[PDB]
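Asks: The structure follows.
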Ligand SMILES: *C(=C)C1=C(C)[C@@H](Cc2[nH]c(/C=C3N=C(/C=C4\NC(=O)[C@H](C)[C@H]4[C@@H](*)C)C(C)=C\3CCC(=O)O)c(CCC(=O)O)c2C)NC1=O
Ligand SMILES: *[C@@H](C)[C@H]1/C(=C/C2=NC(=C\c3[nH]c(C[C@H]4NC(=O)C(C=C)=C4C)c(C)c3CCC(=O)O)/C(CCC(=O)O)=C2C)NC(=O)[C@@H]1C
Ligand SMILES: *[C@@H](C)[C@H]1/C(=C/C2=NC(=C\c3[nH]c(C[C@H]4NC(=O)C(C=C)=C4C)c(C)c3CCC(=O)O)/C(CCC(=O)O)=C2C)NC(=O)[C@@H]1C
Ligand SMILES: *[C@@H](C)[C@H]1/C(=C/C2=NC(=C\c3[nH]c(C[C@H]4NC(=O)C(C=C)=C4C)c(C)c3CCC(=O)O)/C(CCC(=O)O)=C2C)NC(=O)[C@@H]1C
Ligand SMILES: *[C@H](C)[C@H]1/C(=C/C2=NC(=C\c3[nH]c(C[C@H]4NC(=O)C(C=C)=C4C)c(C)c3CCC(=O)O)/C(CCC(=O)O)=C2C)NC(=O)[C@@H]1C
Ligand SMILES: *[C@H](C)[C@H]1/C(=C/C2=NC(=C\c3[nH]c(C[C@H]4NC(=O)C(C=C)=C4C)c(C)c3CCC(=O)O)/C(CCC(=O)O)=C2C)NC(=O)[C@@H]1C
Ligand SMILES: *[C@H](C)[C@H]1/C(=C/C2=NC(=C\c3[nH]c(C[C@H]4NC(=O)C(C=C)=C4C)c(C)c3CCC(=O)O)/C(CCC(=O)O)=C2C)NC(=O)[C@@H]1C
Ligand SMILES: *[C@H](C)[C@H]1/C(=C/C2=NC(=C\c3[nH]c(C[C@H]4NC(=O)C(C=C)=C4C)c(C)c3CCC(=O)O)/C(CCC(=O)O)=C2C)NC(=O)[C@@H]1C
Ligand SMILES: *[C@H](C)[C@H]1/C(=C/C2=NC(=C\c3[nH]c(C[C@H]4NC(=O)C(C=C)=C4C)c(C)c3CCC(=O)O)/C(CCC(=O)O)=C2C)NC(=O)[C@@H]1C
Ligand SMILES: C=CC1=C(C)[C@@H](Cc2[nH]c(/C=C3N=C(/C=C4\NC(=O)[C@H](C)[C@H]4CC)C(C)=C\3CCC(=O)O)c(CCC(=O)O)c2C)NC1=O
Ligand SMILES: C=CC1=C(C)[C@@H](Cc2[nH]c(/C=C3N=C(/C=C4\NC(=O)[C@H](C)[C@H]4CC)C(C)=C\3CCC(=O)O)c(CCC(=O)O)c2C)NC1=O
Ligand SMILES: C=CC1=C(C)[C@@H](Cc2[nH]c(/C=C3N=C(/C=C4\NC(=O)[C@H](C)[C@H]4CC)C(C)=C\3CCC(=O)O)c(CCC(=O)O)c2C)NC1=O
Ligand SMILES: C=CC1=C(C)[C@@H](Cc2[nH]c(/C=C3N=C(/C=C4\NC(=O)[C@H](C)[C@H]4CC)C(C)=C\3CCC(=O)O)c(CCC(=O)O)c2C)NC1=O
Ligand SMILES: C=CC1=C(C)[C@@H](Cc2[nH]c(/C=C3N=C(/C=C4\NC(=O)[C@H](C)[C@H]4CC)C(C)=C\3CCC(=O)O)c(CCC(=O)O)c2C)NC1=O
């Protein structure tokens, strides 16, 4: 799993080395950001079913043709499965804020997803139009902290660059 | 040159990735533990003549047999090469406290030293006794700060361990 | 180039062997079949601008959202690039009838297909909306022979299988 | 990484040859158990001896009791494993 | 590779000198505004998917004979390998903005590149234009003067960080010239 | 290869639970003693070449037939390999103490160690002792109650972290048994 | 590779001759003095660790800029590589003295050595000086005229083995110059 | 066998966690999992293919050898399956000469260059008796591959210090180039071919482009010629007390 602790003890194991002073300096940076990247994950646990309900009904605002037959969401059980695959990502954005790295994003929600979304004829560019709706609707000075904004928006921007 | 920056991007290059949001936390620990390892380094720079004069004759007060015919310090340039080789070592201890990792020690002082000192009959226990003399010469409110003595006496017994 | 002459002499060169009777029995298939697939090579090279005028707008008569601003064909000059890019596929489906294989289709049109359409956000399931119209406009008696309609509709669905 | 503990393609030989001295020993077991049942009921008429069930559909109830009482022969200690080998040999 | 602290060490080891009190006012003033190095390398790699795409697509619109047959990014296998070469160039610049020194850019990227771009027929006069488009886009992300994507920052300047990275894009832009 | 932050999320993907306010108190009680953990890890790795060499030689003086002919630590080739082995075990437990999770020790070191020693004849009755020597020497260097080398610390309580690194030596002595 | 008997039969193979009694009187004296060839090479391999370290440190003595900052015997990293290299050179000239033909020194050790040294930066004038000290201390052990370390031989001249091995040490200087 | 460049100035070699998972009763390996599994696959694709930069529809034909690599975690079996692929013979066999194909097998699968003409001609003796798969499996099932890599690590370019010929280090430095080089830039023709068959050596600037950072890459060149004259007999004399002795 990609974290900030798993890098410095796999780089120590690969050279056969004890954990020296530069490794323990990097754990000290995990204590600094843990007041912001953990506080944003606390906000994305109870208000999660109102940002996932802001996104997908404005995903269909720019993408009107996905309610047409022959495209993806032509019946109601697929739109309710379209609201599942964004609750599957905001649960994974919530996990990688907690562990610090990009581990739950890249090895669960990203790996393999180029080939399922190719074969099953789902457009990736409506996920990009829906994850980025949670970016610009997010403002800092009412909802969350200052450095909780720049950690949450940097993790929405990671899988935007992975899906594109 | 194992540093904190030269390990998190030698792992970002080994998987072909960008600067991750993991690795922007590992330089946030470089901001926190700098002010104990810079202030331990600057104390060593204005006091270095006095600490290697005391460390070098801790070898020769202990080991009087080194002036025998055929031993390590048998003439005056060998005594001058003994005090050079402990002036070199604590210069690298001053370098490791700047870059924050053990990089300048194990590139310039430790790698080769098992093979160099065996061939020239220079004893390892006399090199250890000079460096272990100044490890417990450190007086934690008097000489430097409390946490600044932790950084300075981390690279010292890293060198005592790797030599022994 | 993957065709029947090169595949039997690449495998002969991989084993260090002379061309024996296995190889010569396969180029006899390049005499009995090669009379039929030049009937679609001669048909396509004099007709193609009347094809790609009519093939390309059936994508837009299936997907009219591409001319909206923010999408690909939002101006007239990228409709011309859309009509150009399908004539590359029509010139490469002409070229693969001549050598009788998938040889200049994959290394000139299909290698690098998923990469350059995802960065540019040209959706790959609307490239197949033109060529499935072309596959259903190929009528059996009037356009070409019955065996020529087989080989023309055996390279069209190599491409729409590799585009999904 | 040295010292021939590290090896490959004999490593998939041994997992596909310890079974060849094992499942060609249960072909010995499945057809020497059959050998004395070819003398117990040696014709189509069954004996008084070969009765499993008497009542109640209790043949399933012993089938639940047969397959987990011989599960408790491989579920045995290595001191108890070697007692089953050096002294059942001497009875044979 | 050497970062910005290990550059100062290998200068002083040439003198065999201890790192004194005069060089440490350039390294305490590295870490003083050293939040801003982390607070601006984040605003390259967040937009780095769009940055490589707008780089080479503007390389087409000023040299339109690249997509002619005979041109280098003509077909689909060559347009994909041109797109990932802007990814590798942008990756080793963003290492060097994180490190403070161009040591990892010059040894692991630029060593032997113009030697091999003439060996593959890559037209380097239009590959320079590929670099310098995304040079202009990166220094307006750091300055926060872009039209779209107004990323919220803290108030001050990154006028020296915008020019340190413009020196890094001119190192690759002079290497393949 | 999971650390202690990556244990609470792999207990929560089974429920597909949004990790919120319930289990985040257990990770805020990780970064409370984070500097207490870092002060505890540094004390082992500063004494690690002495911790091994006192342990392996104490195994000889508690079991003097090991250096008889036919013994397992008889010759110089065998004696170097046991010192090599205990330097790996003390390295992997110190990886586990820093991460706070035994999934760096159990996979990279303990997978297949029981079958290797019986294939080489390495007796487990002495290696349960020589692992348990440096188990008791590890809690001396954490709780500062060692006879020599009183290291410099801050005044508080560390008897939870000394018992937590006792449990990693219980994971060693279970697996090699 | 060849030895002193194989060198004769490749000379006769150019003329398709037979190695007869005219050509055999050089080979009948190679076996006649063949005890002294063996008696001379354990005069060298018995003193080979003292011979390398005296020759390398005797080159530092006449050139102290090799151990200043910027010398190519500066750190422990570079000094152990210089000590390894002079042991390799002394190993291959003990093979060549044993065979009686400098084939194996010339293709394995010396072929391509000049290009390694002008790519790594090794000074070749001082490298010739370390070989020329260990040439001079190799003729002292063979003729038993060393100032310490008298070895126990039998009486006679070994003056043609001492100049045969001096020509093997001269090929090392001619190949890196 | 000290080698002052290897774990000092380069990185550490990548690979699987241990070789003790083969002897385990209930596993096959310390199981990595798909974050620390696929970044091992990134270093096998970078090493076996050079920096070829295979596309998504060229990686789609290697799905069967990856899916076996995450079940048997043997690295020797993954390298063997990738060298019999179409993507290995369409890059290194199809448009190249015979000693160009042979000199890249020493680069991609051993991390060294060939030491001899006799070692090189025996690789073409195996081409006559089984084609190119007899060359590839004889490298992989050799003793030199076993006692340097095993099943555990990727076959990397190793600075040994104690090379069996000095010329072996030279051909290793020409074959392995700098970073961001590949194996297609010379148009099919072998780099080391003239120097193997004649017994000469390489060019100093081509070797010193590939040395690691911190190794004085290129100094030491006198401004006269870069190789040796085999026909020259110099006079090298030593001073004794009386005169100068030319022990030639
Ligand atoms: C052989 C006759 C023989 C031994 C060798 C020795 C082995 C042994 N040692 C201990 C106790 C300790 N080891 C410690 C570690 C060190 N001692 C030091 O002074 C330095 C700092 C460091 C490395 C050399 C320490 C501090 C102790 C004392 C107890 C403690 O941990 O504080 C034991 C006891 C283990 C136990 O029974 O709990 C043994 C067996 N003893 C021998 O008999
Ligand atoms: C319209 C029906 C499509 C659509 C088309 C667009 N394609 C654009 C650019 C483009 N197309 C190709 C592939 C083409 N070139 C080749 O050489 C070969 C094979 C031999 C093929 C198939 C490339 C490489 C490019 C980019 C380079 C270029 O423009 O020349 C395009 C312009 C996008 C841009 O600005 O780059 C459009 C609009 N887009 C659609 O949405 C529908 C499906
Ligand atoms: C190891 C000590 C051997 C041994 C070796 C011999 N050395 C011989 C000659 C010799 N040694 C040196 C180096 C020495 N001189 C210096 O000025 C310095 C320091 C700067 C050192 C270390 C030199 C220069 C020479 C002479 C070579 C020359 O003239 O060019 C030697 C020759 C005869 C002799 O002097 O004994 C031998 C045998 N001597 C020993 O007995 C132990 C076994
Ligand atoms: C010149 C280097 C010496 C010196 C040399 C002589 N050595 C003579 C004979 C000799 N040396 C050995 C030992 C040698 N032969 C072996 O087979 C082996 C190892 C397997 C070794 C080390 C032997 C056995 C002999 C032969 C005499 C005997 O058997 O006792 C020798 C006599 C001439 C000859 O018979 O070849 C000479 C002159 N003596 C010197 O004064 C210089 C310093
Ligand atoms: C004093 C504590 C010792 C002692 C030491 C001697 N050291 C001798 C040489 C020496 N020291 C080093 C390591 C040093 N050089 C470096 O460049 C660096 C790092 C930048 C370090 C730490 C080396 C490599 C050498 C050998 C080369 C040289 O002469 O400079 C030395 C002379 C060796 C000889 O006798 O031939 C001595 C005597 N002497 C003592 O008594 C205690 C053990
Ligand atoms: C030491 C306190 C023991 C002891 C140890 C011996 N081990 C020997 C060989 C050996 N040990 C291991 C396991 C080691 N390697 C690893 O990679 C890891 C963890 C990841 C560990 C713990 C292996 C794989 C091997 C085989 C490789 C080799 O032989 O070098 C050994 C030598 C056996 C021999 O010479 O045949 C010894 C003596 N023996 C003892 O008495 C104490 C209890
Ligand atoms: C238990 C083992 C000890 C004890 C431990 C405490 N240590 C405390 C604080 C502390 N330790 C360090 C250095 C540590 N942090 C780092 O970032 C690095 C290396 C990169 C290391 C080695 C620091 C910075 C601190 C914080 C205090 C300060 O800044 O001065 C501590 C205080 C609470 C805490 O912050 O953890 C305790 C209780 N004290 C004991 O009673 C036993 C013997
Ligand atoms: C010492 C007398 C010299 C000197 C030597 C250095 N050599 C360095 C590296 C090196 N040397 C060789 C040649 C050697 N190895 C062989 O295998 C054979 C023949 C069988 C020979 C003669 C090689 C191949 C290498 C590079 C391989 C490696 O070490 O990994 C070296 C290191 C340079 C550096 O750190 O950048 C040094 C210092 N240098 C001197 O100044 C004296 C004169
Ligand atoms: C989908 C229909 C199934 C399912 C499939 C999974 N298979 C997984 C791994 C896997 N599959 C195979 C068989 C296939 N791959 C080959 O290379 C060959 C022979 C050429 C065949 C027939 C193998 C050998 C493997 C192991 C290699 C690997 O680990 O990928 C798999 C992943 C499990 C894992 O990561 O351990 C899945 C999910 N599973 C299902 O539930 C549906 C029914
Ligand atoms: C953690 C994830 C998370 C988000 C992405 C946002 C998203 C978000 N916005 C609103 C809802 C709102 N949010 C705002 C705030 C603003 N509108 C603006 O244009 C200003 C820039 C900004 C002031 C800071 C306002 C004014 C509303 C009410 C109007 C609306 O429906 O948007 C709500 C409904 C409940 C609530 O008000 O919190 C949610 C979930 N909030 C979150 O909790
Ligand atoms: C760069 C790092 C650095 C160090 C590690 C120290 C090392 C050091 N200590 C002392 C010197 C001293 N240090 C002390 C202090 C103490 N002695 C004890 O017995 C107690 C343990 C402790 C009190 C807490 C005393 C009393 C002296 C004088 C005794 C002496 O001459 O060593 C001296 C001689 C100069 C002087 O007298 O001040 C030096 C160089 N100084 C440094 O500049
Ligand atoms: C021939 C066809 C053609 C194109 C494809 C575009 C390509 C293009 N875009 C920009 C210009 C730009 N590109 C970006 C980058 C971005 N902008 C955003 O809104 C995103 C956040 C991000 C990725 C898409 C920005 C911000 C500018 C404006 C200049 C700047 O602010 O740096 C430039 C100017 C670079 C320069 O001056 O050298 C060019 C050539 N222009 C063309 O003429
Ligand atoms: C782990 C990831 C990680 C980050 C992303 C950064 C996040 C970050 N940036 C800044 C802080 C800052 N960032 C800026 C930067 C700017 N303001 C502007 O108006 C300019 C446009 C732009 C220049 C590029 C400035 C000026 C400060 C405050 C001064 C300073 O301390 O540098 C701060 C300090 C808080 C503050 O001072 O307000 C933090 C934590 N740090 C991290 O550890
Ligand atoms: C780490 C260092 C490093 C790099 C910098 C890149 C450099 C690089 N690019 C290419 C390969 C290529 N590079 C380009 C690039 C371009 N052509 C153009 O028209 C544009 C001007 C320009 C970029 C947009 C193209 C088109 C190819 C493909 C050539 C081919 O297919 O043979 C190759 C050959 C790879 C191979 O196929 O084997 C290499 C090494 N790769 C690296 O490994």
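If you're wondering, the header gives electron microscopy, 2.8 Å.
Every residue gets a Cβ built from N, Cα and C, even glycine.
As listed in Swiss-Prot for this protein:
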- E:50, E:61: phycourobilin binding site (BINDING)
- E:72: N4-methylasparagine (MOD_RES)
- E:82: (2R,3E)-phycoerythrobilin 1 binding site (BINDING)
- E:158: (2R,3E)-phycoerythrobilin 2 binding site (BINDING)
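Help me see these features in their spatial surroundings.
Replies: In the three-state DSSP classification, residue E:61 (phycourobilin binding site) falls within coil.
The 10 Å shell around the Cβ of residue E:72 (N4-methylasparagine) contains 21 further Cβ atoms across the protein chains shown.
There are 21 other Cβ atoms within 10 Å of the Cβ belonging to residue E:82 ((2R,3E)-phycoerythrobilin 1 binding site).
Cβ contacts within 10 Å of residue E:158 ((2R,3E)-phycoerythrobilin 2 binding site), excluding its own Cβ and spanning all protein chains shown: 21.
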Asks: Quick check on the binding-site residues: of E:50, E:61, whose CB has the lowest count of neighbouring CB atoms inside 10 Å?
Replies: E:61
Asks: Under DSSP, is residue E:50 (phycourobilin binding site) part of a helix or a strand, or is it coil?
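Replies: Looking at the DSSP assignment, residue E:50 (phycourobilin binding site) belongs to a helix.
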Asks: Closest of the binding-site residues to residue E:72 (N4-methylasparagine), Cα to Cα, picking from E:61, E:82, E:158?
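Replies: So, of the listed binding-site residues, the one sitting closest to residue E:72 (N4-methylasparagine) is E:82.
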Asks: Between the Cα atoms of residue E:158 ((2R,3E)-phycoerythrobilin 2 binding site) and residue E:50 (phycourobilin binding site), what distance do you get, rounded to the nearest Å?
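Replies: Cα-Cα distance, residue E:158 ((2R,3E)-phycoerythrobilin 2 binding site) to residue E:50 (phycourobilin binding site): 22 Å.
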Asks: Provide, as an integer number of angstrom, the distance between the C-alpha atoms of residue E:61 (phycourobilin binding site) and residue E:82 ((2R,3E)-phycoerythrobilin 1 binding site).
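Replies: Residue E:82 ((2R,3E)-phycoerythrobilin 1 binding site) has its Cα 15 Å from the Cα of residue E:61 (phycourobilin binding site).
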Asks: Where does residue E:72 (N4-methylasparagine) sit in the DSSP three-state scheme?
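Replies: Looking at the DSSP assignment, residue E:72 (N4-methylasparagine) belongs to neither helix nor strand, so coil.
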Asks: What does DSSP assign residue E:158 ((2R,3E)-phycoerythrobilin 2 binding site), in three states?
Replies: coil
Asks: Could you measure between residue E:50 (phycourobilin binding site) and residue E:82 ((2R,3E)-phycoerythrobilin 1 binding site) for me? Cα positions, answer in whole angstrom.
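Replies: Answer for this pair: 15 Å between alpha carbons.
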